[PDB]
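Everything on this sheet refers to the single structure shown next.
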Amino acid sequence: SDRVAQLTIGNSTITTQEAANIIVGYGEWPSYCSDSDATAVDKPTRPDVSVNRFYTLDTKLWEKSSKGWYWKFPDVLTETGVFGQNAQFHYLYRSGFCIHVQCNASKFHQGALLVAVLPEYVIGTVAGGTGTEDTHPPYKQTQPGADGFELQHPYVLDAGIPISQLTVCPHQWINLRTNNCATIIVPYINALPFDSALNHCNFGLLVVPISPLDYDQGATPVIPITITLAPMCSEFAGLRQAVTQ
Amino acid sequence: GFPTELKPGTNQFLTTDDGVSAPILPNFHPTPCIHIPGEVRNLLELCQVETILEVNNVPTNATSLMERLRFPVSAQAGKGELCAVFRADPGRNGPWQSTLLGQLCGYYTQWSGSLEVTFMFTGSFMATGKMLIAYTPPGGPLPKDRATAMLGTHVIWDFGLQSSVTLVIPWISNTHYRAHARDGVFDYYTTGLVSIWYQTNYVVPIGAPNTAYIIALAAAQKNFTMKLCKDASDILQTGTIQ
Amino acid sequence: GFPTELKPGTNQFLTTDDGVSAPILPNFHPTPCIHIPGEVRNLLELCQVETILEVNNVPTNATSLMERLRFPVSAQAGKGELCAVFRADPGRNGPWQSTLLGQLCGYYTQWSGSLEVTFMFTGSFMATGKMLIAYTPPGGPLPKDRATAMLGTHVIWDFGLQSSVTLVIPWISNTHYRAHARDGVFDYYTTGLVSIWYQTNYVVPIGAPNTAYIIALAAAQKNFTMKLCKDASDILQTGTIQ
Amino acid sequence: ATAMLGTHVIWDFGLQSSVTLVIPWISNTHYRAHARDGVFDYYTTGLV
Amino acid sequence: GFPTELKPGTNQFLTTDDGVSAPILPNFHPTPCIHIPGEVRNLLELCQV
Amino acid sequence: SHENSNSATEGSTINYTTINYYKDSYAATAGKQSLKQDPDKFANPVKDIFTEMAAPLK
Amino acid sequence: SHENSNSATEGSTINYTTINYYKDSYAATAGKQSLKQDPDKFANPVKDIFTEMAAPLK
Amino acid sequence: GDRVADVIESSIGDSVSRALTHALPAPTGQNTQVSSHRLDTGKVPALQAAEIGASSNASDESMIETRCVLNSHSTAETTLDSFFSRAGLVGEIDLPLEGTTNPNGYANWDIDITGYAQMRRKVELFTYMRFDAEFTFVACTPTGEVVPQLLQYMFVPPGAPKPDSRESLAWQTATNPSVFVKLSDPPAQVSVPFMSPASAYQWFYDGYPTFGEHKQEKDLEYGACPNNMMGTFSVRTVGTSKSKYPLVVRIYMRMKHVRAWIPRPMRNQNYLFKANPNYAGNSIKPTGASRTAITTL
Amino acid sequence: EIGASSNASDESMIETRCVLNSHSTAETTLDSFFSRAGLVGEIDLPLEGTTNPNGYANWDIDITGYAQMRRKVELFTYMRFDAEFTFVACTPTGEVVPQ
Amino acid sequence: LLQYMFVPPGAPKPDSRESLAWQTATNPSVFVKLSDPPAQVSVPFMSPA
Ligand SMILES: CCO/N=C/c1ccc(OCC[C@@H](C)CCN2CCN(c3ccnc(N)c3)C2=O)cc1
Ligand SMILES: CCO/N=C/c1ccc(OCC[C@@H](C)CCN2CCN(c3ccnc(N)c3)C2=O)cc1
Ligand code: NA
Ligand code: NA
Ligand code: NA
Ligand code: NA
């Protein structure tokens, strides 16, 4: 009765029988931009059901040695369905998201993943190892698209900051003996009312094992982690031709 | 005396400090102010006045300078050909520098508002035609054809008794204000592009010129404001002015 | 002029002085402030958020750093064996440095309040067990056995559906505030010790892992406050930052 | 990834042994005749 | 600025001067004062012992 | 302050809020000016004003 | 003081008590801030709030 | 007009962001209430489910028997202004006589306070910050000696001409704000407003400033947000001939009227560059101290 | 041809949303634009020289010798104003001497 | 020109005239010339007792 849940939005429904409640980031729900916060004058377009729905974008395999992954929003969706098309045809975009990370196992497997959302997740490089070289992350690393990207140094989140403090950001844990999913609702976060869905990634989704996956020989060894997400209150403005980047 | 304590800033001369200074001529009274036409109260008043936009900013020799004030149109081959293009950035090097809006803009770091360009056709009365004028918001590259430009904000202009048409370049920005745009990271603040296409064709009967010109006038909309006062990019002096 | 007399302090620049300074841009108005989620008003707000406590602060090679985020438990021999220990001093070198509480703590000379550490068991669902977590107030040496640790403040944790348990380290001090504790005379301000013991045993059936880990999360209670603002002990730069 | 773009349900095994997929009425006509290969495929309901 | 004129005594440091000096730790609050026996208020109190 | 009225803006269609310590008002600060505007004086000085919707020449 | 409203905190959910001698409010002192706090925004952003006494997962 | 039901009943357009939490006054630490022994079934405060993502709600009163404590310890020194409104070094400008750097009697410093770790680590605790600031300029020779030299500081906003010499026409400073001061005078000091085109400055921008292909050669622009670039600070010795003294100008900043959003993990690796979070990969160090065993102090 | 500027607005050329614009117009007033001190004169009093080697100098009050300031004022034909004058003096090296 | 800085227990003590600690981002510092009058500040009661 807090362990069970149903998420319905658009023409999509998600069910879970081992949930751990729902997190509403920074304590507030997604909402459309008000007339006083807005600055752009064209009347926006709010597609509703055709874009605010659940998209299942990717599946990763959790292994005893996995270091962790991250995805960028709205990057993961810029090339998917009707949401992607609007993001490409418009200069301005804004929305929130309902993120549902899925991972189930058996009562004999163990392990815990930390699922967190970190706004403005700027990636850094190891600087040629010695730190004397000002190298920079390539486009495929800063905006990895739907496949996501694997962390090289999870302890410092590939950005010189302690993952041990990542819990100061909206999160949930997927601890196999307890739940099989994490659900986080995130409002629009930015210093501007609208922005480019292409040039700016508002936040990153981090899925990192903190307690390694373990099980005895004989138990199903393939333990997938699937990422499903839904845009909420999507708004678009500044129409012209489609642009991919 | 009364106990005081001097704080940092003491003795400094800040050019924008608004203070009180001793008056040199005590009990002096200025000549009264009679009525004089044309008093201006705010620079924004001048920004709403259209001045000529040098869209055709290509000729550079003294004898051809006047040609920058107008661009041409003439009979084509009906393939929706391109007539002209230019960036909408008002405080950027290019056509807008010819306008009073552009120049005033130079004295401010940031601006915000919609712009408007009114095009006046000066061909003969017997000349007709339909043009498509488009505004492409940031992110959209220079339209390769009329079909692509047509996807953005536009106006379809029909020549007739009303010699002119107005293209409004609405404020479509991610930020509340834009700083002056230029090549590099500051292109973040670009306003976009404006392109003029032939919707049908410039048509004329026997006896009338096959080429005519269009004059472009530009100014700001009433929601336009500027902030963060700064010095203009130019200094019109080489040596000492004697 | 009006009779004044300068007092000591005149002309000095005190970095924490809260005064008035002439404004460089007169009549300037900032971009309005739109709504942005997650505004923080007091650092104390962040101190009540649990962050991972590196109880297992022993591995140091890059490839093993993540192992500090968790410690283990496994089947024993029923002799109430010791699982782990650590000092409760939040602003002291040790496990607390990994937490956001510990780090914020570094910007203050004195603190006061109760702390809390929540332990989350991440073994398989089929694993059971009972642990005794104890807090030993100042003066008590590291408990030699479970019988000795049991004499202080403690919690007996039973694994089950609720994966976690909270050990409250109540404020038990002689002074209203404690300064950061360290070896030497400042140990006067130590908070005490925390030790984890096997109350019964980690039990598991055929088919489940014999070793599982526990993750520790720590934060401050609502009566926690800090005073006397100071610079943190670290300065994260070697040469000039280019 | 392609199937996910249409109407769907994500089913999680647990105490409730079953899940229901509703195939909502999404047709151009008010009624459909029996569908079969050929022109009558006009009345097909779709795929699951 | 407002017209002032410095008088003698300016810049001097008189050890018994009772003035105001900028505070080094803004918004700082001292540890509260609990009750402690034997508070003395005037040296004359001790002179009668 | 009972001073002289020797400012350049004494008798202006815009009132100012200034500071001063002298008997002559021109010694005062610039203060704040009134935010009135009249674009029409320059952008639309036509005798017979024409509406937006209409055709300017009819 | 009838000044300009150009402070970074004009229109804040916390009122300040400041000193200033200029027409621009950002020139003012830092003053004192309001002592309101909202830990829950970070420490407890759950949709369905769970009591202390109860079992968090039931 | 509207008529189909789904349109009349939709929530499309609701600009009122519903908030699950609200702030409360908390001028002092919470008090402690008397508590006694509880031996109940059903009631279990000590048990939590950290998976939910919330922090423990367990309190002293429910874990041990407590006495009453009237806590009057203030929470005032942990406000944003208390923490940030302390001036720190954020810039240093050298004006040497004999040199490789600025031997021409003038210098241009891009306004970027990320070159000093103490200040930088404090501000990077938050993602967005909006504030006014008081800037103080301390000048002397490299020995800390005070010399009778006149200087000119000028703020050159983006788009204004940057001086290219001690005698540049730009120093006429007809619109830019300038400060003229002697090293013999106290440190110059002014108030600066919040000047960004955005509603807040942001210490992290996960994106690019422009559209297009983001090829290798342009990757230095990843993370560059013009909304944070306020301009240039120019300084010169006021004269047509070289100064007689070598000078140094230290720049201090004291934020005031601060607001901040989105707290984040605090830097735990040395900083290398102003423009990014790059860390030395061969020296990834633990956040704090280590020990030999988990069962030993 | 009439001589007036376009009266067309955003609302009539495209479909617009509502925007409550609170951007100030305060910094574009005449005082905001002009009440910023700029250089308008320079007077040399050298020891060895061709100009004013006699320890005195007469400067005709004319602020048109410097382009920055001049270009701003010449935007208008007539101007009425009070003014605050500041005099900065030093040696040609910017050194301060007891004179 | 001199710099005075108050380093509370736990803050890094400068170990040189060029120590990074002189950035004084949180500690209170006073910058003053010997030519200026004596520097002077107010200190609160700071004990934990
Ligand atoms: C005579 C005239 O005297 N004029 C003095 C004067 C002083 C200061 C001044 O502007 C101060 C600007 C600071 C308040 C904020 C600096 N900021 C904003 C965020 N940011 C960032 C963000 C992300 N990455 C990096 N690297 C940097 C950054 O560095 C202008 C003029
Ligand atoms: C101890 C006593 O300290 N005394 C100081 C002091 C300062 C200034 C001063 O008078 C200032 C006069 C200026 C305010 C206006 C100068 N103006 C008017 C318009 N004009 C023009 C117009 C058309 N062509 C040219 N070339 C120039 C021009 O140059 C008198 C005395
Ligand atoms: Na962008
Ligand atoms: Na004065
Ligand atoms: Na000051
Ligand atoms: Na004093």
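Please note that chains go A, B, ... in the order of the structure tokens, that every chain numbers its residues from 1, and that ligands are numbered from 1 in the order shown.
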
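Neighbours of ligand 4 at a cut-off of 6 Å, computed so that only C-alpha atoms and all ligand atoms are counted, are the residues residues 20 and 21 of chain B; 1 of chain E.
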
message: Please return as a VMD selection string the residues found within 12 Å of ligand 2, counting only C-alpha atoms and all ligand atoms.
response: (chain B and resid 21 to 25 241 to 242) or (chain F and resid 8) or (chain I and resid 37 40 to 41 59 to 67 69 to 70 73 to 74 76 to 87)

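For ligand 3, the neighbouring polymer residues at 10 Å or closer are residues 91, 92, 192, 194, 195, 196, 197, 198, 199, 200, 201 and 202 of chain A; 139, 174, 175, 188 and 189 of chain B; 205, 206, 207, 208, 209, 210, 211, 224, 225 and 226 of chain H, only C-alpha atoms and all ligand atoms being used.
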
Preceding selection exported with N, CA, C and O atoms as a CSV table (one decimal), in the first residue's frame:
chain,number,residue,atom,x,y,z
A,91,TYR,N,13.2,26.1,-31.0
A,91,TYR,CA,14.4,26.6,-30.3
A,91,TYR,C,14.2,26.4,-28.8
A,91,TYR,O,15.1,25.9,-28.1
A,92,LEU,N,13.0,26.8,-28.3
A,92,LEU,CA,12.7,26.8,-26.9
A,92,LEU,C,11.9,25.5,-26.5
A,92,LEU,O,11.0,25.1,-27.1
A,192,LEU,N,16.7,30.1,-16.4
A,192,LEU,CA,15.9,30.7,-17.5
A,192,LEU,C,14.6,29.9,-17.6
A,192,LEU,O,14.5,28.8,-17.2
A,194,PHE,N,12.9,29.0,-20.3
A,194,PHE,CA,12.9,28.0,-21.4
A,194,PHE,C,14.4,28.0,-21.9
A,194,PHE,O,15.1,28.9,-21.6
A,195,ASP,N,14.8,26.9,-22.6
A,195,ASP,CA,16.1,26.8,-23.1
A,195,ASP,C,16.1,25.8,-24.3
A,195,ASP,O,15.1,25.3,-24.6
A,196,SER,N,17.3,25.6,-24.9
A,196,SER,CA,17.5,24.7,-26.0
A,196,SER,C,17.6,23.3,-25.5
A,196,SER,O,18.4,23.0,-24.7
A,197,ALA,N,16.7,22.4,-26.0
A,197,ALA,CA,16.8,21.0,-25.6
A,197,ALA,C,18.0,20.4,-26.2
A,197,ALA,O,18.4,19.3,-25.8
A,198,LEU,N,18.6,21.1,-27.1
A,198,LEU,CA,19.8,20.6,-27.8
A,198,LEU,C,21.2,21.0,-27.2
A,198,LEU,O,22.1,20.2,-27.0
A,199,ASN,N,21.3,22.3,-26.9
A,199,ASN,CA,22.6,22.8,-26.4
A,199,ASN,C,22.7,22.6,-24.9
A,199,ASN,O,23.9,22.7,-24.3
A,200,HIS,N,21.6,22.5,-24.1
A,200,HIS,CA,21.7,22.4,-22.7
A,200,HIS,C,21.0,21.2,-22.1
A,200,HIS,O,19.9,20.9,-22.4
A,201,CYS,N,21.8,20.5,-21.2
A,201,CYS,CA,21.3,19.3,-20.5
A,201,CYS,C,21.0,19.8,-19.1
A,201,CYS,O,22.0,20.0,-18.3
A,202,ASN,N,19.7,19.9,-18.7
A,202,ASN,CA,19.4,20.4,-17.4
A,202,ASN,C,19.9,19.6,-16.2
A,202,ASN,O,20.2,20.1,-15.1
B,139,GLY,N,19.4,28.8,-33.9
B,139,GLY,CA,19.5,27.4,-34.2
B,139,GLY,C,19.3,27.0,-35.6
B,139,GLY,O,19.9,26.0,-36.1
B,174,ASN,N,15.9,32.8,-25.0
B,174,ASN,CA,15.9,31.9,-23.8
B,174,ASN,C,16.1,32.8,-22.5
B,174,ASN,O,15.5,32.5,-21.5
B,175,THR,N,16.9,33.8,-22.7
B,175,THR,CA,17.1,34.7,-21.6
B,175,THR,C,16.3,36.0,-21.7
B,175,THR,O,15.9,36.4,-22.8
B,188,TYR,N,25.7,32.9,-28.5
B,188,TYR,CA,24.7,32.4,-27.6
B,188,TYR,C,23.5,33.4,-27.6
B,188,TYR,O,22.3,33.0,-27.6
B,189,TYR,N,23.8,34.7,-27.8
B,189,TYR,CA,22.8,35.7,-27.8
B,189,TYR,C,22.4,36.2,-29.2
B,189,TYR,O,21.7,37.2,-29.4
H,205,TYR,N,27.4,24.7,-16.0
H,205,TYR,CA,26.5,24.7,-17.2
H,205,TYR,C,26.8,23.5,-18.0
H,205,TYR,O,27.8,23.5,-18.7
H,206,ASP,N,26.0,22.5,-17.9
H,206,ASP,CA,26.2,21.3,-18.7
H,206,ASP,C,25.6,21.4,-20.1
H,206,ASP,O,24.5,21.0,-20.4
H,207,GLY,N,26.4,22.1,-20.9
H,207,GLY,CA,25.9,22.3,-22.3
H,207,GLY,C,26.9,23.2,-23.1
H,207,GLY,O,28.0,23.4,-22.7
H,208,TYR,N,26.5,23.6,-24.3
H,208,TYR,CA,27.4,24.4,-25.2
H,208,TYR,C,26.7,25.7,-25.4
H,208,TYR,O,25.5,25.8,-25.3
H,209,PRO,N,27.5,26.8,-25.7
H,209,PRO,CA,26.9,28.1,-25.9
H,209,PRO,C,26.3,28.3,-27.3
H,209,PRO,O,25.5,29.2,-27.5
H,210,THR,N,26.7,27.4,-28.3
H,210,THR,CA,26.2,27.6,-29.6
H,210,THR,C,25.7,26.3,-30.3
H,210,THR,O,26.0,25.2,-29.8
H,211,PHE,N,25.0,26.4,-31.4
H,211,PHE,CA,24.5,25.3,-32.2
H,211,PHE,C,25.6,24.8,-33.1
H,211,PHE,O,26.6,25.5,-33.3
H,224,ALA,N,30.8,26.6,-21.3
H,224,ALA,CA,30.9,28.0,-21.3
H,224,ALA,C,29.6,28.7,-21.4
H,224,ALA,O,28.9,28.6,-22.4
H,225,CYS,N,29.2,29.4,-20.3
H,225,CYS,CA,28.0,30.2,-20.3
H,225,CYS,C,28.2,31.7,-20.3
H,225,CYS,O,28.6,32.2,-19.3
H,226,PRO,N,27.9,32.3,-21.4
H,226,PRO,CA,28.1,33.8,-21.5
H,226,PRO,C,27.3,34.5,-20.4
H,226,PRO,O,27.7,35.7,-20.0

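Neighbouring residues of range 38-44 of chain D at 10 Å or closer, counting only C-alpha atoms and skipping chain neighbours under 6 positions away, are residues 27, 28, 29, 31 and 32 of chain D.
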
Would you mind exporting C-alpha atoms of the selected residues as a short mmCIF file (atom, residue, chain, number, x, y, z; two decimals), in the first residue's frame?
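Writing the result to selection34.cif gives the following:
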data_model
loop_
_atom_site.label_atom_id
_atom_site.label_comp_id
_atom_site.auth_asym_id
_atom_site.auth_seq_id
_atom_site.Cartn_x
_atom_site.Cartn_y
_atom_site.Cartn_z
CA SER D 27 -10.80 3.08 -35.06
CA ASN D 28 -11.66 5.48 -37.85
CA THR D 29 -15.16 4.01 -38.20
CA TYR D 31 -17.87 -0.19 -36.18
CA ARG D 32 -15.44 -2.62 -37.80
#

Using only C-alpha atoms, determine which residues of chain A fall within 6 Å of chain H; present them as a PDB file with N, CA, C and O atoms, in the first residue's frame.
ATOM      1  N   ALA A  20       9.213   1.783  -3.349  1.00  0.00           N
ATOM      2  CA  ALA A  20       9.627   2.383  -2.095  1.00  0.00           C
ATOM      3  C   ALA A  20       9.169   3.830  -2.128  1.00  0.00           C
ATOM      4  O   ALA A  20       9.979   4.751  -1.982  1.00  0.00           O
ATOM      5  N   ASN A  21       7.869   4.023  -2.340  1.00  0.00           N
ATOM      6  CA  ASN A  21       7.286   5.363  -2.395  1.00  0.00           C
ATOM      7  C   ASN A  21       7.806   6.119  -3.618  1.00  0.00           C
ATOM      8  O   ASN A  21       8.467   5.539  -4.468  1.00  0.00           O
ATOM      9  N   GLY A  27      10.905  18.960  -3.554  1.00  0.00           N
ATOM     10  CA  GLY A  27       9.559  19.140  -3.072  1.00  0.00           C
ATOM     11  C   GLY A  27       8.566  19.845  -3.955  1.00  0.00           C
ATOM     12  O   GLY A  27       7.594  20.393  -3.440  1.00  0.00           O
ATOM     13  N   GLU A  28       8.772  19.868  -5.265  1.00  0.00           N
ATOM     14  CA  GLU A  28       7.770  20.521  -6.080  1.00  0.00           C
ATOM     15  C   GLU A  28       7.468  19.836  -7.398  1.00  0.00           C
ATOM     16  O   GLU A  28       8.337  19.226  -8.010  1.00  0.00           O
ATOM     17  N   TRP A  29       6.203  19.913  -7.803  1.00  0.00           N
ATOM     18  CA  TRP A  29       5.749  19.288  -9.028  1.00  0.00           C
ATOM     19  C   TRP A  29       5.988  20.122 -10.255  1.00  0.00           C
ATOM     20  O   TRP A  29       6.089  21.348 -10.194  1.00  0.00           O
ATOM     21  N   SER A  31       5.338  22.155 -13.581  1.00  0.00           N
ATOM     22  CA  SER A  31       4.268  23.083 -13.911  1.00  0.00           C
ATOM     23  C   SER A  31       4.657  23.854 -15.172  1.00  0.00           C
ATOM     24  O   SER A  31       5.821  23.888 -15.548  1.00  0.00           O
ATOM     25  N   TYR A  32       3.671  24.457 -15.826  1.00  0.00           N
ATOM     26  CA  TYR A  32       3.920  25.214 -17.045  1.00  0.00           C
ATOM     27  C   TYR A  32       4.444  26.587 -16.659  1.00  0.00           C
ATOM     28  O   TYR A  32       4.205  27.049 -15.549  1.00  0.00           O
ATOM     29  N   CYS A  33       5.173  27.231 -17.562  1.00  0.00           N
ATOM     30  CA  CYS A  33       5.731  28.538 -17.256  1.00  0.00           C
ATOM     31  C   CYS A  33       4.658  29.620 -17.122  1.00  0.00           C
ATOM     32  O   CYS A  33       3.810  29.782 -17.998  1.00  0.00           O
ATOM     33  N   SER A  34       4.708  30.373 -16.029  1.00  0.00           N
ATOM     34  CA  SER A  34       3.719  31.429 -15.797  1.00  0.00           C
ATOM     35  C   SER A  34       3.954  32.628 -16.704  1.00  0.00           C
ATOM     36  O   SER A  34       5.050  32.806 -17.224  1.00  0.00           O
ATOM     37  N   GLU A 120      22.686  20.281 -13.878  1.00  0.00           N
ATOM     38  CA  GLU A 120      23.908  20.826 -14.449  1.00  0.00           C
ATOM     39  C   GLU A 120      25.103  19.905 -14.149  1.00  0.00           C
ATOM     40  O   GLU A 120      26.063  20.305 -13.492  1.00  0.00           O
ATOM     41  N   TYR A 121      25.035  18.669 -14.644  1.00  0.00           N
ATOM     42  CA  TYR A 121      26.091  17.680 -14.421  1.00  0.00           C
ATOM     43  C   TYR A 121      27.201  17.829 -15.437  1.00  0.00           C
ATOM     44  O   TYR A 121      27.227  17.150 -16.461  1.00  0.00           O
ATOM     45  N   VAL A 122      28.108  18.747 -15.140  1.00  0.00           N
ATOM     46  CA  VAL A 122      29.250  19.018 -15.985  1.00  0.00           C
ATOM     47  C   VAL A 122      30.284  17.932 -15.772  1.00  0.00           C
ATOM     48  O   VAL A 122      30.654  17.633 -14.640  1.00  0.00           O
ATOM     49  N   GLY A 124      34.078  16.261 -16.230  1.00  0.00           N
ATOM     50  CA  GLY A 124      35.463  16.694 -16.316  1.00  0.00           C
ATOM     51  C   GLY A 124      36.327  15.554 -16.857  1.00  0.00           C
ATOM     52  O   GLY A 124      35.845  14.432 -17.003  1.00  0.00           O
ATOM     53  N   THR A 125      37.591  15.830 -17.168  1.00  0.00           N
ATOM     54  CA  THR A 125      38.489  14.790 -17.663  1.00  0.00           C
ATOM     55  C   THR A 125      39.614  14.610 -16.661  1.00  0.00           C
ATOM     56  O   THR A 125      39.771  15.423 -15.755  1.00  0.00           O
ATOM     57  N   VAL A 126      40.408  13.560 -16.825  1.00  0.00           N
ATOM     58  CA  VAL A 126      41.514  13.307 -15.904  1.00  0.00           C
ATOM     59  C   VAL A 126      42.734  14.187 -16.173  1.00  0.00           C
ATOM     60  O   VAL A 126      43.756  14.052 -15.508  1.00  0.00           O
ATOM     61  N   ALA A 127      42.621  15.080 -17.151  1.00  0.00           N
ATOM     62  CA  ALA A 127      43.696  16.009 -17.497  1.00  0.00           C
ATOM     63  C   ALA A 127      45.036  15.345 -17.822  1.00  0.00           C
ATOM     64  O   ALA A 127      46.069  15.705 -17.252  1.00  0.00           O
ATOM     65  N   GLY A 129      46.163  12.648 -16.935  1.00  0.00           N
ATOM     66  CA  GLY A 129      46.675  11.919 -15.777  1.00  0.00           C
ATOM     67  C   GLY A 129      47.502  12.753 -14.806  1.00  0.00           C
ATOM     68  O   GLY A 129      47.252  12.758 -13.594  1.00  0.00           O
ATOM     69  N   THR A 130      48.496  13.452 -15.341  1.00  0.00           N
ATOM     70  CA  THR A 130      49.371  14.279 -14.529  1.00  0.00           C
ATOM     71  C   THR A 130      48.691  15.576 -14.106  1.00  0.00           C
ATOM     72  O   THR A 130      49.122  16.233 -13.160  1.00  0.00           O
ATOM     73  N   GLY A 131      47.626  15.936 -14.814  1.00  0.00           N
ATOM     74  CA  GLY A 131      46.898  17.147 -14.487  1.00  0.00           C
ATOM     75  C   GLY A 131      47.497  18.395 -15.094  1.00  0.00           C
ATOM     76  O   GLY A 131      47.103  19.511 -14.760  1.00  0.00           O
ATOM     77  N   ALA A 159      33.957  14.129 -12.130  1.00  0.00           N
ATOM     78  CA  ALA A 159      33.881  15.583 -12.092  1.00  0.00           C
ATOM     79  C   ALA A 159      34.480  16.192 -10.830  1.00  0.00           C
ATOM     80  O   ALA A 159      34.172  17.333 -10.468  1.00  0.00           O
ATOM     81  N   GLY A 160      35.316  15.415 -10.154  1.00  0.00           N
ATOM     82  CA  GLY A 160      35.989  15.903  -8.968  1.00  0.00           C
ATOM     83  C   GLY A 160      35.161  16.165  -7.734  1.00  0.00           C
ATOM     84  O   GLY A 160      35.555  16.967  -6.884  1.00  0.00           O
ATOM     85  N   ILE A 161      34.023  15.481  -7.626  1.00  0.00           N
ATOM     86  CA  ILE A 161      33.123  15.633  -6.489  1.00  0.00           C
ATOM     87  C   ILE A 161      32.781  14.261  -5.954  1.00  0.00           C
ATOM     88  O   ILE A 161      32.625  13.314  -6.713  1.00  0.00           O
ATOM     89  N   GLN A 165      28.296  12.142  -1.366  1.00  0.00           N
ATOM     90  CA  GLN A 165      27.401  13.245  -1.022  1.00  0.00           C
ATOM     91  C   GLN A 165      26.312  13.430  -2.067  1.00  0.00           C
ATOM     92  O   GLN A 165      25.546  14.386  -2.003  1.00  0.00           O
ATOM     93  N   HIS A 171      17.000  11.455  -4.761  1.00  0.00           N
ATOM     94  CA  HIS A 171      17.393  10.094  -5.053  1.00  0.00           C
ATOM     95  C   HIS A 171      16.489   9.062  -4.403  1.00  0.00           C
ATOM     96  O   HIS A 171      15.567   9.380  -3.657  1.00  0.00           O
ATOM     97  N   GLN A 172      16.799   7.807  -4.709  1.00  0.00           N
ATOM     98  CA  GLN A 172      16.153   6.609  -4.166  1.00  0.00           C
ATOM     99  C   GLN A 172      17.232   5.550  -4.351  1.00  0.00           C
ATOM    100  O   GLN A 172      18.155   5.729  -5.150  1.00  0.00           O
ATOM    101  N   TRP A 173      17.129   4.461  -3.610  1.00  0.00           N
ATOM    102  CA  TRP A 173      18.080   3.378  -3.757  1.00  0.00           C
ATOM    103  C   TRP A 173      17.281   2.196  -4.227  1.00  0.00           C
ATOM    104  O   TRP A 173      16.115   2.070  -3.878  1.00  0.00           O
ATOM    105  N   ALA A 191      17.995  28.549 -14.848  1.00  0.00           N
ATOM    106  CA  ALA A 191      18.001  29.942 -14.418  1.00  0.00           C
ATOM    107  C   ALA A 191      17.216  30.784 -15.433  1.00  0.00           C
ATOM    108  O   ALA A 191      17.121  32.011 -15.320  1.00  0.00           O
ATOM    109  N   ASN A 199      21.306  22.281 -26.894  1.00  0.00           N
ATOM    110  CA  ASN A 199      22.572  22.765 -26.368  1.00  0.00           C
ATOM    111  C   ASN A 199      22.743  22.636 -24.856  1.00  0.00           C
ATOM    112  O   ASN A 199      23.873  22.656 -24.349  1.00  0.00           O
ATOM    113  N   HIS A 200      21.632  22.487 -24.140  1.00  0.00           N
ATOM    114  CA  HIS A 200      21.678  22.428 -22.686  1.00  0.00           C
ATOM    115  C   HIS A 200      21.016  21.200 -22.087  1.00  0.00           C
ATOM    116  O   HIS A 200      19.873  20.886 -22.407  1.00  0.00           O
ATOM    117  N   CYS A 201      21.755  20.511 -21.220  1.00  0.00           N
ATOM    118  CA  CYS A 201      21.256  19.342 -20.503  1.00  0.00           C
ATOM    119  C   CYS A 201      21.013  19.796 -19.057  1.00  0.00           C
ATOM    120  O   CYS A 201      21.953  20.035 -18.292  1.00  0.00           O
ATOM    121  N   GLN A 245      21.227  19.401 -34.052  1.00  0.00           N
ATOM    122  CA  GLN A 245      22.234  19.912 -33.131  1.00  0.00           C
ATOM    123  C   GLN A 245      22.744  21.313 -33.493  1.00  0.00           C
ATOM    124  O   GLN A 245      22.460  21.790 -34.619  1.00  0.00           O
TER     125      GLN A 245
END

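Between CA of residue 82 in chain H and CA of residue 43 in chain G lies a distance of 22.5 Å.
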
field: Contact residues (chain H, partner chain B, 10 Å, only C-alpha atoms) as a PyMOL selection string
entry: chain H and resi 136-138+152-162+169-170+172-182+184-190+195-199+208-212+221+224-227+229-231

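Shell of range 60-68 of chain A at 6 Å, with only C-alpha atoms counted and residues fewer than 4 places along the chain excluded, is residues 150, 151, 207, 208, 212, 213, 223, 224 and 225 of chain A.
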